[PDB]
Each structure stands twice: as structure tokens, then as C-alpha cells.
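With PDB, C-alpha atoms (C1' of nucleotides) inside, this is data12.pdb:
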ATOM      1  CA  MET A 101      22.973 190.486-140.500
ATOM      2  CA  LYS A 102      24.393 194.004-140.532
ATOM      3  CA  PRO A 103      28.157 194.512-140.000
ATOM      4  CA  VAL A 104      29.936 197.819-139.500
ATOM      5  CA  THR A 105      28.799 200.402-141.980
ATOM      6  CA  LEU A 106      28.964 204.069-142.901
ATOM      7  CA  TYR A 107      25.986 204.657-140.630
ATOM      8  CA  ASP A 108      28.026 203.453-137.695
ATOM      9  CA  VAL A 109      31.126 205.463-138.361
ATOM     10  CA  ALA A 110      28.885 208.380-139.348
ATOM     11  CA  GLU A 111      27.213 208.093-135.977
ATOM     12  CA  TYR A 112      30.568 207.797-134.324
ATOM     13  CA  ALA A 113      31.942 210.715-136.230
ATOM     14  CA  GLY A 114      28.684 212.501-135.448
ATOM     15  CA  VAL A 115      28.016 213.333-139.079
ATOM     16  CA  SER A 116      25.743 211.682-141.619
ATOM     17  CA  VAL A 117      26.233 208.940-144.159
ATOM     18  CA  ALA A 118      26.718 211.637-146.741
ATOM     19  CA  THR A 119      29.853 212.789-144.981
ATOM     20  CA  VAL A 120      31.308 209.315-144.561
ATOM     21  CA  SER A 121      30.467 208.275-148.108
ATOM     22  CA  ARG A 122      32.558 211.247-149.159
ATOM     23  CA  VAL A 123      35.528 210.004-147.186
ATOM     24  CA  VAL A 124      34.771 206.520-148.423
ATOM     25  CA  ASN A 125      34.697 208.207-151.832
ATOM     26  CA  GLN A 126      38.074 209.851-151.176
ATOM     27  CA  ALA A 127      36.619 212.794-149.256
ATOM     28  CA  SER A 128      37.455 215.642-151.625
ATOM     29  CA  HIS A 129      34.603 217.900-150.502
ATOM     30  CA  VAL A 130      35.064 216.607-146.959
ATOM     31  CA  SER A 131      37.259 218.787-144.814
ATOM     32  CA  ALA A 132      40.607 217.378-143.632
ATOM     33  CA  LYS A 133      39.366 217.372-140.036
ATOM     34  CA  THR A 134      36.272 215.453-141.044
ATOM     35  CA  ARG A 135      38.225 213.007-143.166
ATOM     36  CA  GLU A 136      40.080 212.082-140.002
ATOM     37  CA  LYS A 137      36.852 212.327-138.015
ATOM     38  CA  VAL A 138      35.321 209.470-139.937
ATOM     39  CA  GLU A 139      38.512 207.503-140.582
ATOM     40  CA  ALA A 140      39.032 207.299-136.863
ATOM     41  CA  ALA A 141      35.450 206.133-136.598
ATOM     42  CA  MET A 142      35.975 203.610-139.360
ATOM     43  CA  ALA A 143      39.042 202.364-137.564
ATOM     44  CA  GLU A 144      37.458 201.668-134.190
ATOM     45  CA  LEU A 145      34.500 199.797-135.518
ATOM     46  CA  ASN A 146      36.576 198.248-138.315
ATOM     47  CA  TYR A 147      34.656 199.706-141.219
ATOM     48  CA  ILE A 148      34.565 197.756-144.450
ATOM     49  CA  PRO A 149      32.374 199.031-147.324
ATOM     50  CA  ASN A 150      30.602 196.741-149.763
ATOM     51  CA  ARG A 151      31.761 196.856-153.375
ATOM     52  CA  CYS A 152      28.205 196.240-154.587
ATOM     53  CA  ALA A 153      26.514 198.962-152.621
ATOM     54  CA  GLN A 154      29.227 201.222-153.983
ATOM     55  CA  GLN A 155      28.773 199.911-157.526
ATOM     56  CA  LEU A 156      25.001 200.266-157.391
ATOM     57  CA  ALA A 157      24.938 203.629-155.627
ATOM     58  CA  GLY A 158      27.771 204.770-157.862
ATOM     59  CA  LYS A 159      25.653 204.066-160.926
ATOM     60  CA  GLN A 160      23.618 207.163-160.048
ATOM     61  CA  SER A 161      26.134 209.238-161.977
ATOM     62  CA  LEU A 162      25.690 206.857-164.904
TER
ATOM     63  CA  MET B   1      20.515 206.532-167.132
ATOM     64  CA  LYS B   2      17.886 203.901-166.397
ATOM     65  CA  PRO B   3      17.465 200.987-168.869
ATOM     66  CA  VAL B   4      14.715 198.375-168.841
ATOM     67  CA  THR B   5      13.988 197.158-165.355
ATOM     68  CA  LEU B   6      11.588 195.154-163.239
ATOM     69  CA  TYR B   7       9.566 198.328-162.820
ATOM     70  CA  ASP B   8       9.009 198.400-166.555
ATOM     71  CA  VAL B   9       8.010 194.816-167.003
ATOM     72  CA  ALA B  10       6.017 195.089-163.763
ATOM     73  CA  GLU B  11       4.222 198.034-165.306
ATOM     74  CA  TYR B  12       3.732 196.085-168.476
ATOM     75  CA  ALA B  13       2.646 192.904-166.775
ATOM     76  CA  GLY B  14       0.276 194.947-164.632
ATOM     77  CA  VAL B  15       1.862 193.847-161.382
ATOM     78  CA  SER B  16       4.376 195.122-158.866
ATOM     79  CA  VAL B  17       8.112 194.827-158.620
ATOM     80  CA  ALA B  18       7.478 192.169-156.031
ATOM     81  CA  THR B  19       5.828 189.954-158.627
ATOM     82  CA  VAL B  20       8.530 190.438-161.226
ATOM     83  CA  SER B  21      11.333 189.996-158.710
ATOM     84  CA  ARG B  22       9.734 186.646-157.964
ATOM     85  CA  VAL B  23       9.859 185.601-161.589
ATOM     86  CA  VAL B  24      13.313 187.103-161.805
ATOM     87  CA  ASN B  25      13.958 184.984-158.722
ATOM     88  CA  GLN B  26      12.562 181.906-160.469
ATOM     89  CA  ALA B  27       8.943 182.698-159.626
ATOM     90  CA  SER B  28       8.085 179.821-157.281
ATOM     91  CA  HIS B  29       5.418 181.738-155.369
ATOM     92  CA  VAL B  30       4.412 183.378-158.641
ATOM     93  CA  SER B  31       1.606 181.661-160.477
ATOM     94  CA  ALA B  32       2.375 180.069-163.869
ATOM     95  CA  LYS B  33       0.155 182.642-165.592
ATOM     96  CA  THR B  34       2.023 185.462-163.914
ATOM     97  CA  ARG B  35       5.396 183.928-164.678
ATOM     98  CA  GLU B  36       4.432 184.082-168.330
ATOM     99  CA  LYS B  37       2.832 187.488-167.745
ATOM    100  CA  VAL B  38       6.079 189.087-166.705
ATOM    101  CA  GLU B  39       8.354 187.060-168.973
ATOM    102  CA  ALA B  40       6.368 188.354-171.893
ATOM    103  CA  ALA B  41       6.877 191.832-170.516
ATOM    104  CA  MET B  42      10.558 191.188-169.977
ATOM    105  CA  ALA B  43      10.781 190.003-173.548
ATOM    106  CA  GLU B  44       9.248 193.013-175.272
ATOM    107  CA  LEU B  45      11.295 195.541-173.410
ATOM    108  CA  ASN B  46      14.343 193.240-173.308
ATOM    109  CA  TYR B  47      14.670 193.110-169.548
ATOM    110  CA  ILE B  48      18.136 192.578-168.116
ATOM    111  CA  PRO B  49      18.495 192.523-164.294
ATOM    112  CA  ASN B  50      21.573 193.818-162.500
ATOM    113  CA  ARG B  51      23.714 191.327-160.607
ATOM    114  CA  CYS B  52      24.576 193.948-157.982
ATOM    115  CA  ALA B  53      21.041 194.973-157.230
ATOM    116  CA  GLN B  54      20.323 191.269-156.901
ATOM    117  CA  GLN B  55      23.420 190.729-154.772
ATOM    118  CA  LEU B  56      22.625 193.650-152.492
ATOM    119  CA  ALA B  57      18.914 192.990-152.179
ATOM    120  CA  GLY B  58      19.742 189.308-151.901
ATOM    121  CA  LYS B  59      21.803 190.067-148.821
ATOM    122  CA  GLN B  60      18.586 190.854-146.943
ATOM    123  CA  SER B  61      18.241 187.182-146.060
ATOM    124  CA  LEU B  62      21.895 187.195-145.026
TER
ATOM    125  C1'  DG C   1      -8.149 179.211-144.849
ATOM    126  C1'  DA C   2      -3.741 178.930-147.758
ATOM    127  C1'  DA C   3      -1.222 180.841-151.731
ATOM    128  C1'  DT C   4      -0.090 184.994-154.359
ATOM    129  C1'  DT C   5       0.374 190.065-154.962
ATOM    130  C1'  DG C   6       1.434 194.875-153.110
ATOM    131  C1'  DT C   7       4.064 198.766-149.925
ATOM    132  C1'  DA C   8       7.619 199.838-148.659
ATOM    133  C1'  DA C   9      11.235 199.470-146.642
ATOM    134  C1'  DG C  10      16.263 198.340-146.991
ATOM    135  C1'  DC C  11      20.311 195.723-148.716
ATOM    136  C1'  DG C  12      24.906 200.042-148.251
ATOM    137  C1'  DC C  13      25.864 203.010-150.282
ATOM    138  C1'  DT C  14      26.026 208.041-153.087
ATOM    139  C1'  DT C  15      25.041 213.389-153.847
ATOM    140  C1'  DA C  16      23.725 217.641-154.530
ATOM    141  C1'  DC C  17      22.279 222.152-153.111
ATOM    142  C1'  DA C  18      21.435 225.544-149.431
ATOM    143  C1'  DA C  19      22.575 227.523-144.813
ATOM    144  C1'  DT C  20      26.085 228.451-141.656
ATOM    145  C1'  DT C  21      30.728 229.579-141.118
ATOM    146  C1'  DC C  22      34.708 232.834-141.934
TER
ATOM    147  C1'  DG D   1      29.201 234.337-150.716
ATOM    148  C1'  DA D   2      31.514 229.664-151.469
ATOM    149  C1'  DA D   3      32.594 225.160-149.348
ATOM    150  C1'  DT D   4      30.890 221.427-146.445
ATOM    151  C1'  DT D   5      27.194 218.649-144.207
ATOM    152  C1'  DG D   6      22.303 216.745-143.987
ATOM    153  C1'  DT D   7      17.575 214.403-146.008
ATOM    154  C1'  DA D   8      16.332 211.639-148.516
ATOM    155  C1'  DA D   9      15.774 209.763-152.263
ATOM    156  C1'  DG D  10      17.156 205.777-155.170
ATOM    157  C1'  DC D  11      20.812 203.048-157.747
ATOM    158  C1'  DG D  12      17.601 197.715-158.884
ATOM    159  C1'  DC D  13      16.417 194.910-156.730
ATOM    160  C1'  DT D  14      13.997 191.472-152.750
ATOM    161  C1'  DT D  15      10.114 189.808-149.314
ATOM    162  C1'  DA D  16       6.971 188.803-146.266
ATOM    163  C1'  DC D  17       2.331 188.713-144.533
ATOM    164  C1'  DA D  18      -2.681 189.629-145.007
ATOM    165  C1'  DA D  19      -6.817 189.874-148.044
ATOM    166  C1'  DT D  20      -9.092 188.010-151.905
ATOM    167  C1'  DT D  21      -9.785 184.080-154.511
ATOM    168  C1'  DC D  22     -11.429 179.201-154.808
TER
END
Show this structure as C-alpha cells.
Amino acid sequence: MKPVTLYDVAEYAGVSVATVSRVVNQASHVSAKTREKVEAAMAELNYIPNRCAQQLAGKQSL
Amino acid sequence: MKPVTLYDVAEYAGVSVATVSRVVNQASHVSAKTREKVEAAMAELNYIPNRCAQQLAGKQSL
DNA sequence: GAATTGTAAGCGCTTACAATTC
DNA sequence: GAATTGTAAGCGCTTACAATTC
């Protein structure tokens, strides 16, 4: 089973998963317009990230 | 940073990550010899799996 | 021929650097 | 030219099915 994800809102927003992950990661390098671009996307679909995927993927910097 | 992993013990054991993940997953489909094969590998290197990687990858069946 | 092992892809996410934009 | 977005790879793990083994 695959619920809503960054791929979905990224698709919605147009962008990639790299853009959404930024917003999901507190944008920063994502432009204000884009931050809203994906948040709006997240909102419609009801985007909920997974703490594990974030933990695992976030371990790249470790 | 990448510590000991299934890749390591899989390398050691002379198998794949699929074999080790089985043993890591309580072998079952892994032959007794192999179970020992990888456990021995796990032992030398001091293999410690990651609960997240297991949680994430374990969500495949979900 | 059935069980076990391998690719090989993905479970969802993260990111970085270069090209385009200004 | 610098910032932002895209591929694109992988952070560690899981698995399933076919060929070889018996």
C-alpha cells in the first residue's frame, strides 16, 4: 500500500521530490512561491511524511 | 558514515544482501548452513541492523 | 520439480551541484 | 554568476521467482 507521498505533491506541484523534500525539510533553499506550491499540494492530497524514511534518508548527512 | 551492514556480512559470507536479510529476518528460507554462514560473518564484523531500514523495507509487504 | 540465492528495485525519503533566471 | 530545481543515487534494508541442486 502506498499513501500520499512527496512524489504525489511533487507531481501536483509540478516539481520533483527534491523540491518537496526541501519543503518537508523546512524549505530553506526552496523559494517562497515553491514552498506554497508544494504545501498546497500537500494539503489537497493530505500529505503525511514517514518518520522512518526521514530518519533513514536523513542519515546520509551522518 | 557507514558501519557494518548486511552488505559486509553478505560479502563475507559470500552471498547477497538477500541471503543475509533472510537470516536477519530469522532465515526460514535460508539453509541452516547459510544461517551459520552469515551469522559467523555478522559476528566478526559485529553486525548491527537498523530498525528503520527494517521498518521501511518491512513496509513493502504493507 | 521444489527450495534457496541473486538483481534490483523500492519502502519514502534526502541532496548536492550545474544551468537557467535576473 | 549565485540560488533553486532535477536525477538519481542510496540511507539499510526486504523479496520474490527462476535456475541449479538433489
Transformed chain A, reference chain B, full Cα set in order, as a PDB file with C-alpha atoms, in the frame of the given file:
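The new file result-v3.pdb reads:
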ATOM      1  CA  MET A 101      20.563 206.536-167.163  1.00  0.00           C
ATOM      2  CA  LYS A 102      17.878 203.946-166.472  1.00  0.00           C
ATOM      3  CA  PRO A 103      17.524 200.938-168.825  1.00  0.00           C
ATOM      4  CA  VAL A 104      14.735 198.375-168.801  1.00  0.00           C
ATOM      5  CA  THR A 105      13.980 197.169-165.324  1.00  0.00           C
ATOM      6  CA  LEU A 106      11.569 195.146-163.222  1.00  0.00           C
ATOM      7  CA  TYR A 107       9.484 198.284-162.796  1.00  0.00           C
ATOM      8  CA  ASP A 108       8.949 198.397-166.528  1.00  0.00           C
ATOM      9  CA  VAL A 109       8.013 194.795-167.025  1.00  0.00           C
ATOM     10  CA  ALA A 110       6.013 194.986-163.790  1.00  0.00           C
ATOM     11  CA  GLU A 111       4.122 197.903-165.260  1.00  0.00           C
ATOM     12  CA  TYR A 112       3.727 196.034-168.490  1.00  0.00           C
ATOM     13  CA  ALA A 113       2.611 192.918-166.735  1.00  0.00           C
ATOM     14  CA  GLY A 114       0.397 195.151-164.607  1.00  0.00           C
ATOM     15  CA  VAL A 115       1.771 193.785-161.356  1.00  0.00           C
ATOM     16  CA  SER A 116       4.360 195.193-158.978  1.00  0.00           C
ATOM     17  CA  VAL A 117       8.100 194.820-158.680  1.00  0.00           C
ATOM     18  CA  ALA A 118       7.469 192.218-156.033  1.00  0.00           C
ATOM     19  CA  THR A 119       5.820 189.983-158.590  1.00  0.00           C
ATOM     20  CA  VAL A 120       8.524 190.407-161.212  1.00  0.00           C
ATOM     21  CA  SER A 121      11.345 189.979-158.716  1.00  0.00           C
ATOM     22  CA  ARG A 122       9.758 186.632-157.947  1.00  0.00           C
ATOM     23  CA  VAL A 123       9.904 185.597-161.575  1.00  0.00           C
ATOM     24  CA  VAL A 124      13.364 187.092-161.764  1.00  0.00           C
ATOM     25  CA  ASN A 125      13.976 184.995-158.649  1.00  0.00           C
ATOM     26  CA  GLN A 126      12.595 181.889-160.377  1.00  0.00           C
ATOM     27  CA  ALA A 127       8.960 182.690-159.596  1.00  0.00           C
ATOM     28  CA  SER A 128       8.118 179.836-157.237  1.00  0.00           C
ATOM     29  CA  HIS A 129       5.363 181.697-155.381  1.00  0.00           C
ATOM     30  CA  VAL A 130       4.393 183.380-158.646  1.00  0.00           C
ATOM     31  CA  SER A 131       1.598 181.649-160.481  1.00  0.00           C
ATOM     32  CA  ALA A 132       2.375 180.037-163.856  1.00  0.00           C
ATOM     33  CA  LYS A 133       0.168 182.589-165.614  1.00  0.00           C
ATOM     34  CA  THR A 134       2.004 185.427-163.926  1.00  0.00           C
ATOM     35  CA  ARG A 135       5.403 183.936-164.647  1.00  0.00           C
ATOM     36  CA  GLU A 136       4.491 184.183-168.310  1.00  0.00           C
ATOM     37  CA  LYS A 137       2.824 187.539-167.688  1.00  0.00           C
ATOM     38  CA  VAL A 138       6.101 189.106-166.684  1.00  0.00           C
ATOM     39  CA  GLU A 139       8.375 187.060-168.944  1.00  0.00           C
ATOM     40  CA  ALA A 140       6.428 188.327-171.901  1.00  0.00           C
ATOM     41  CA  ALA A 141       6.868 191.801-170.486  1.00  0.00           C
ATOM     42  CA  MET A 142      10.563 191.215-169.962  1.00  0.00           C
ATOM     43  CA  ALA A 143      10.823 190.027-173.527  1.00  0.00           C
ATOM     44  CA  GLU A 144       9.270 193.040-175.225  1.00  0.00           C
ATOM     45  CA  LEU A 145      11.266 195.611-173.376  1.00  0.00           C
ATOM     46  CA  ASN A 146      14.345 193.364-173.320  1.00  0.00           C
ATOM     47  CA  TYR A 147      14.669 193.065-169.572  1.00  0.00           C
ATOM     48  CA  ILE A 148      18.114 192.539-168.120  1.00  0.00           C
ATOM     49  CA  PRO A 149      18.541 192.545-164.312  1.00  0.00           C
ATOM     50  CA  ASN A 150      21.637 193.853-162.568  1.00  0.00           C
ATOM     51  CA  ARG A 151      23.757 191.316-160.705  1.00  0.00           C
ATOM     52  CA  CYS A 152      24.613 193.907-158.051  1.00  0.00           C
ATOM     53  CA  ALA A 153      21.107 195.008-157.258  1.00  0.00           C
ATOM     54  CA  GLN A 154      20.337 191.316-156.942  1.00  0.00           C
ATOM     55  CA  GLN A 155      23.412 190.688-154.791  1.00  0.00           C
ATOM     56  CA  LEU A 156      22.680 193.639-152.526  1.00  0.00           C
ATOM     57  CA  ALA A 157      18.931 193.081-152.273  1.00  0.00           C
ATOM     58  CA  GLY A 158      19.585 189.372-151.902  1.00  0.00           C
ATOM     59  CA  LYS A 159      21.729 190.043-148.849  1.00  0.00           C
ATOM     60  CA  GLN A 160      18.519 190.799-146.944  1.00  0.00           C
ATOM     61  CA  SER A 161      18.209 187.096-146.200  1.00  0.00           C
ATOM     62  CA  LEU A 162      21.790 187.161-144.936  1.00  0.00           C
TER      63      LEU A 162
END
Picked residues, the PyMOL selection byres ((chain C) within 12 of (chain B)), expected as a ChimeraX atom specification: /C:3-13
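Between CA of residue 128 in chain A and CA of residue 50 in chain B the separation is 29.1 Å.
If you look at CA of residue 106 in chain A and CA of residue 132 in chain A, they are 17.7 Å away from each other.
Take CA of residue 24 in chain B and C1' of residue 16 in chain D: the distance between them is 16.9 Å.
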Between A:135, A:102, A:144, A:123, which has the minimum distance to chain B (counting all atoms listed in the file)? A:102
